[PDB]
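Single-structure report; data block below.
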Amino acid sequence: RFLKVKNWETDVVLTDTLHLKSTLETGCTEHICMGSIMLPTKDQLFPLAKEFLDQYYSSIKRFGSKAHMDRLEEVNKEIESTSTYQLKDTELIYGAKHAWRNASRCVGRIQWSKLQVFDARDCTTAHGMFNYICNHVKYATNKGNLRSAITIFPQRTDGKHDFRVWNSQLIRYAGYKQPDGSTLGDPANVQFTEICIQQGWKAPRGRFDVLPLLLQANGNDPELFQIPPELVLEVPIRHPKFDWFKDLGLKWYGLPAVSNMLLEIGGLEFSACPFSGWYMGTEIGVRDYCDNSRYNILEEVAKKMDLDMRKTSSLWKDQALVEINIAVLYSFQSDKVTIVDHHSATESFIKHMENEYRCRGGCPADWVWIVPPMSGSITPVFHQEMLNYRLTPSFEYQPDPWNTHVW
Amino acid sequence: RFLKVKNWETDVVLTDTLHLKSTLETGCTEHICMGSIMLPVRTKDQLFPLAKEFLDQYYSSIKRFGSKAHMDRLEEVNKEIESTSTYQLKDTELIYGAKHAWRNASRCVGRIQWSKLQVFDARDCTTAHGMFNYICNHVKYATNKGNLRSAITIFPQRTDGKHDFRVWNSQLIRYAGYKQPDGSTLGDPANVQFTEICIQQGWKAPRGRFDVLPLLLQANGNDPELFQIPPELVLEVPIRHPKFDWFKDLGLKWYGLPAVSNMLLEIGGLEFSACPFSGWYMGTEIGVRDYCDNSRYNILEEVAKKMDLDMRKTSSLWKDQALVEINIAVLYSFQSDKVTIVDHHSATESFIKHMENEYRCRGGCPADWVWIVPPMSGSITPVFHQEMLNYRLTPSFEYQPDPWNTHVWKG
Ligand code: HEM
Ligand code: HEM
Ligand SMILES: CNCCN(C)c1cc(CCc2cc(C)cc(N)n2)cc(C(F)(F)F)c1
Ligand SMILES: CNCCN(C)c1cc(CCc2cc(C)cc(N)n2)cc(C(F)(F)F)c1
Ligand SMILES: C[C@H](O)[C@H](O)[C@H]1CNc2nc(N)[nH]c(=O)c2N1
Ligand SMILES: C[C@H](O)[C@H](O)[C@H]1CNc2nc(N)[nH]c(=O)c2N1
Ligand SMILES: [Zn+2]
């Protein structure tokens with residue numbers, strides 16, 4: 001019940017004691033591993049609050065203090081009376097940083113303690129939400145010197161007054177279905193893009209149109225807003241060798257900002273909690289650009305390189321894949337926008353893992369997600385055994401709002 | 001209970017019922033996933049149900065379930081167990097068993113070929129010399145002058161655990177590794193420990209970068225003995241690159257026949273501790289792992305220099321760039337010499353089809369994503385996008401500890 005993890009490249013062995021604090025379930029059993037599956041009350045509430053306050057008060061070296069006991073007491077009385085409770089600013093911030101710290105699929109967690117937390121719990125309207133989000137975007141972007149941030153909207157009450165950001169990311173490109181039968185723009189956002197139009201957006205039907213925000217406040221119907229274009233930092237994609245690369249017409253945005261997840265702290269649920277950091281190059285160049293059900297540009301790039309696309313064994317796809325990822329990195333660096341390559345990032349994560357094992361007794365990690373989608377085994381994380389388990393506070397997936405929303 | 005897997009590229013959803021027949025444990029719990037962990041004397045008591053399950057499967061496959069032939073076989077095995085404490089498999093059961101272990105191997109991307117396996121019954125073997133002869137024949141047969149054929153050779157099953165047949169090599173053909181006094185390694189760093197044993201056992205090492213290791217063979221629980229595979233039986237491929245003429249000058253070659261020889265084959269509760277098996281390589285095994293792992297030949301740097309890449313910042317992706325050209329070279333060299341090999345695109349695409357077919361005809365296909373996804377270019381292969389379910393079925397191939405750690409030396 002004390003578990004070891006081995007790195008098969010360095011022979012370093014770490015002992016995991018942290019998993020014994022695990023609460024939630026994995027989806028795996030003694031008889032079946034689901035490691036590759038993408039998505040596997042006042043009475044309920046109090047022990048959750050308690051579990052959280054215990055780790056909060058432990059973290060500040062005041063476990064079993066009067067102040068600790070006083071807070072447990074106060075929170076308990078508030079639950080019994082109000083059916084919920086409110087987090088102190090200090091607890092809110094601790095919770096957000098620790099939700100990030102606990103995200104087993106995140107390779108960038110060495111940065112976890114340096115998260116700018118924006119308390120947006122006083123927000124009451126979609127306009128308010130828009131304002132808070134423009135401020136987030138501007139702060140995180142910081143003229144290209146990106147800073148990690150989260151903005152936290154009011155917590156769920158009865159599930160009928162939910163705050164939700166309908167976009168999956170604050171900043172994404174639209175996708176439309178052409179009469180051609182093909183797809184224009186980002187195919188992953190076809191359904192969302194339609195909903196924008198079904199709600200009144202006038203799409204300029206381009207290939208790289210920054211989607212508008214669809215914001216839902218206090219359970220009400222969601223509203224449309226356009227992010228000030230001057231706040232959306234974008235990078236034209238060129239190659240340091242291939243002069244022709246720029247004619248491909250590619251560009252991407254600098255700010256990865258996940259906005260559809262659910263933040264859980266002390267049993268309290270934050271359904272609207274957009275957060276952002278900075279890209280690892282492969283996210284854009286391997287997944288966004290080369291995935292078959294995304295921008296899927298491998299073939300066109302291959303042709304421009306005049307590769308032998310006759311047989312798979314010429315590895316023409318692999319060759320182009322590398323150059324495309326060279327270009328992304330080169331373009332962001334040239335425009336001074338923060339980005340990290342997959343080698344630096346995974347090397348960072350190995351140190352973080354080391355630090356966590358040493359200072360916390362473990363680091364929950366999902367190998368399937370941590371190993372980059374290119375060049376896997378030449379990155380050190382590939383040779384690193386990882387233990388995956390669920391800790392709270394946490395970021396959780398939640399259903400898309402349209403399949404839920406009672407208009 | 002039914003289970004759903006989704007391919008996130010095609011939205012093809014499949015339904016697993018086969019996991020219901022799963023016996024062994026995974027290492028995972030409701031509270032922990034051990035999916036990325038590499039590695040997470042039987043009595044009559046446990047033996048007959050295992051025998052019975054196997055014979056029930058076999059007779060179902062041949063459409064003779066509940067036949068007099070089926071029932072008589074069960075009773076025969078029952079008697080043989082309770083009288084002799086074990087039992088012998090018919091030739092037909094051994095063949096079926098071996099094919100199904102391969103079929104059940106959740107880490108093997110090459111399973112589309114599982115029904116075409118040449119099974120060599122070496123259960124009449126008694127000595128290490130006999131083992132060598134069988135293994136020579138396996139190599140000659142499987143190699144087939146470059147037109148590779150899958151094969152497995154099966155030596156006598158375990159009895160009391162004190163008379164085990166074992167092949168001490170991890171693979172039948174592998175290069176020596178020698179640790180030097182300065183700390184550097186000559187040849188394959190993965191094989192240093194085994195090379196040392198061989199040398200200690202009396203092997204005269206040539207001490208080059210690509211020395212084929214001798215076989216170290218243990219029969220009937222006796223001390224192991226050394227044998228040199230006839231070099232004419234060892235097919236090798238000099239590695240060159242289709243565009244880079246300096247590549248040949250790196251001095252690289254590799255052997256054509258991948259033959260795992262340290263695993264344990266379990267069939268109907270019987271344990272076959274010596275069961276070398278062989279197929280043909282997927283290109284990345286050599287070009288990505290064998291050549292480019294930091295803990296193996298580790299040639300990325302030398303290749304990158306000769307290519308004149310910007311090696312100062314990793315963000316030049318010089319490592320990535322060199323890796324591709326190396327893997328291009330391996331594929332080119334093998335094809336040019338007409339030695340069977342498959343690229344990772346071709347292999348993973350075939351596996352997806354195999355998998356889908358397995359869900360339809362069998363109710364599932366246990367698969368270890370972590371191992372199935374190739375070590376370069378992950379998401380441009382279709383397996384990356386495929387949800388998989390991992391579970392353990394018998395017959396199976398199992399890990400066993402290295403013999404030198406358990407062997408009782410006779411002297
Ligand atoms: C600052 C630099 C950061 C880097 C380099 C980074 C990198 C990554 C990458 C590559 C993934 C895999 C996601 C995918 O492939 O779609 C991921 C997942 C994730 N990250 Fe991070 N991230 C960063 C910041 C953050 C921050 C600031 C938070 C929260 C405050 C966060 C929380 C998460 C969560 C919850 C996931 C899982 C998302 C999912 O399951 O879809 N990350 N990260
Ligand atoms: C015919 C072409 C074949 C191909 C292309 C192939 C491919 C592979 C690859 C790439 C691996 C991962 C190896 C590694 O990364 O260390 C693997 C694993 C495995 N294969 Fe196959 N294989 C083939 C044939 C076979 C045969 C004939 C058998 C048995 C009869 C077999 C049984 C297994 C087993 C048990 C593993 C797991 C090994 C381990 O866990 O270390 N394969 N296969
Ligand atoms: C269910 N929400 C997650 C799914 N989404 C919308 C998502 C999200 C990302 C970004 C993940 C991420 C998040 C952050 C904060 C930083 C960073 N570098 N990367 C990339 C991508 C992808 F794969 F690049 F397309 C998709
Ligand atoms: C502990 N079990 C054996 C581990 N060994 C010695 C082994 C073996 C292989 C060969 C795997 C394989 C086996 C077969 C039958 C076909 C094929 N294409 N590849 C590759 C590799 C590796 F890792 F790719 F180099 C290692
Ligand atoms: C089916 C499989 O789980 C799916 O393709 C996963 C694999 N690993 C991943 N890893 C990351 N970082 N991001 C992803 O979207 C995925 N997708
Ligand atoms: C720790 C991790 O499980 C280990 O590096 C695994 C990853 N996946 C693999 N996949 C294959 N095919 N072969 C391997 O040796 C490994 N090694
Ligand atoms: Zn698992």
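Read-outs throughout are calculated quantities, based only on the coordinates presented, and are distinct from any laboratory measurement. Because the Cβ atoms are built from the backbone with ideal geometry, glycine has one as well, and the counts that use them run over all protein chains shown.
Tabulated data for the structure shown
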{"item": "Residue within the range A:395-405 that is within 24 Å of A:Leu39 (Cβ to Cβ) and within 12 Å of chain B (Cβ to nearest Cβ) present", "result": "no"}
{"item": "Whichever residue in the range B:366-380 is under 16 Å from A:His342 (Cβ atoms) and within 10 Å of ligand 5 (Cβ to nearest atom) and, among such residues, is surrounded by the fewest Cβ atoms within 10 Å (Cβ to Cβ)", "result": "B:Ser379"}
{"item": "Residues of the range A:364-380 satisfying the condition of being within 18 Å of the chain's Cα centre (by Cα) and outside any helix (DSSP H, G or I)", "result": "A:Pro364, A:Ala365, A:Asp366, A:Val371, A:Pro372, A:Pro373"}
{"item": "Qualifying residue in the range B:75-88 (condition: under 30 Å from A:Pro364 (Cβ atoms) and either surrounded by 17 or more Cβ atoms within 10 Å (Cβ to Cβ) or within 14 Å of another protein chain (Cβ to nearest Cβ) (or both))", "result": "no"}
{"item": "Selected residue [away from ligand 2 (no atom under 11 Å from the Cβ), of a type in the set (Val, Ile, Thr) and within 14 Å of chain A (Cβ to nearest Cβ)] from B:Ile286, B:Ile299", "result": "B:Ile299"}
{"item": "Search result, residues across the range A:384-394 that are of a type in the set (S, T, N, Q) and within 14 Å of another protein chain (Cβ to nearest Cβ)", "result": "A:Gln384, A:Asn388, A:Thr392"}
{"item": "Residue satisfying all of: in the range B:267-281; in a strand (DSSP E or B) and crowded, with 22+ Cβ neighbours inside 10 Å; farthest from ligand 4 (Cβ to nearest atom) among these", "result": "B:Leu270"}
{"item": "Test: B:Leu39 is closer than 20 Å to A:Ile32 by Cβ, within 11 Å of another protein chain (Cβ to nearest Cβ), part of a loop (DSSP other than H, G, I, E, B) and among the aliphatic types (A, V, I, L, M)", "result": "yes"}
{"item": "Qualifying residue in the range A:239-255 (condition: small (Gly, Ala, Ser), assigned to a helix (DSSP H, G or I), away from ligand 2 (no atom under 16 Å from the Cβ) and surrounded by fewer than 21 Cβ atoms within 10 Å (Cβ to Cβ))", "result": "no"}
{"item": "Hits in the range A:367-380 - residues which are closer than 29 Å to A:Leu268 by Cβ and within 7 Å of chain B (Cβ to nearest Cβ)", "result": "none"}
{"item": "Failed item in (1) of a type outside the set (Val, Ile, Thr); (2) out of contact with any helix residue (DSSP H, G or I) (no Cβ under 9 Å at 6 or more places or on another chain); (3) closer than 30 Å to B:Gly269 by Cα, with B:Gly183 passing the rest", "result": "(3)"}
{"item": "Every pair of residues 6+ apart whose Cβ atoms lie under 6 Å, when the first sits in the range A:91-119 and is within 14 Å of chain B (Cβ to nearest Cβ) while the second is away from ligand 3 (no atom under 14 Å from the Cβ) and part of a strand (DSSP E or B)", "result": "A:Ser104/A:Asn388"}
{"item": "Looking only at the range B:3-42, and only at residues there that are touching a strand residue (DSSP E or B) at 6+ places or on another chain (Cβ under 6 Å) and more than 27 Å from B:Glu349 (Cβ to Cβ), the one that is nearest to ligand 4 (Cβ to nearest atom)", "result": "B:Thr26"}
{"item": "Odd one out for A:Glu9 among (1) more than 14 Å from chain B (Cβ to nearest Cβ); (2) not in a helix (DSSP H, G or I)", "result": "(1)"}
{"item": "Condition met for A:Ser348 (surrounded by fewer than 24 Cβ atoms within 10 Å (Cβ to Cβ), among the small types (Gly, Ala, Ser) and more than 24 Å from the chain's Cα centre (by Cα))", "result": "no"}
{"item": "Failed condition for B:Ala142, given (1) under 23 Å from the mean Cα position of the chain (by Cα); (2) under 23 Å from B:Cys292 (Cβ atoms)", "result": "(2)"}
{"item": "Residues that are within 16 Å of ligand 6 (Cβ to nearest atom), of a type outside the set (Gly, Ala, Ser) and assigned to a loop (DSSP other than H, G, I, E, B), drawn from the range A:27-36", "result": "A:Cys28"}
{"item": "Number of positions in the range B:245-297 that are under 27 Å from B:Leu186 (Cα atoms), among the acidic types (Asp, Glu) and away from ligand 6 (no atom under 16 Å from the Cβ)", "result": "2"}
{"item": "Leading residue by the ranking (nearest to A:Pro380 (Cα to Cα)) among those in the range A:12-25 that are part of a loop (DSSP other than H, G, I, E, B) and within 8 Å of another protein chain (Cβ to nearest Cβ)", "result": "A:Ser22"}
{"item": "Cross-chain or 6+ apart pairs with Cβ under 7 Å, the range B:388-407 first and within 15 Å of B:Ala101 (Cα to Cα), then among the basic types (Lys, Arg)", "result": "B:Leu393/B:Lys21"}
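This table checks each residue for (1) in contact with a strand residue (DSSP E or B) (Cβ under 7 Å, 6 or more places away or on another chain); (2) closer than 29 Å to A:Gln111 by Cβ.
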{"position": "A:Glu299", "(1), (2)": "no, no"}
{"position": "A:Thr312", "(1), (2)": "no, no"}
{"position": "A:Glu347", "(1), (2)": "no, yes"}
{"position": "A:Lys351", "(1), (2)": "no, yes"}
{"position": "A:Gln384", "(1), (2)": "yes, yes"}
{"position": "A:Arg390", "(1), (2)": "no, yes"}
{"position": "A:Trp402", "(1), (2)": "no, no"}
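Table: residues versus (1) facing chain B (nearest Cβ under 8 Å); (2) at positive phi; (3) assigned to a helix (DSSP H, G or I); (4) buried (at least 17 other Cβ atoms within 10 Å of the Cβ).
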site	(1), (2), (3), (4)
A:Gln319	yes, no, yes, yes
A:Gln333	yes, no, yes, yes
A:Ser344	yes, no, yes, no
A:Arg358	no, no, yes, no
A:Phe382	yes, no, yes, yes
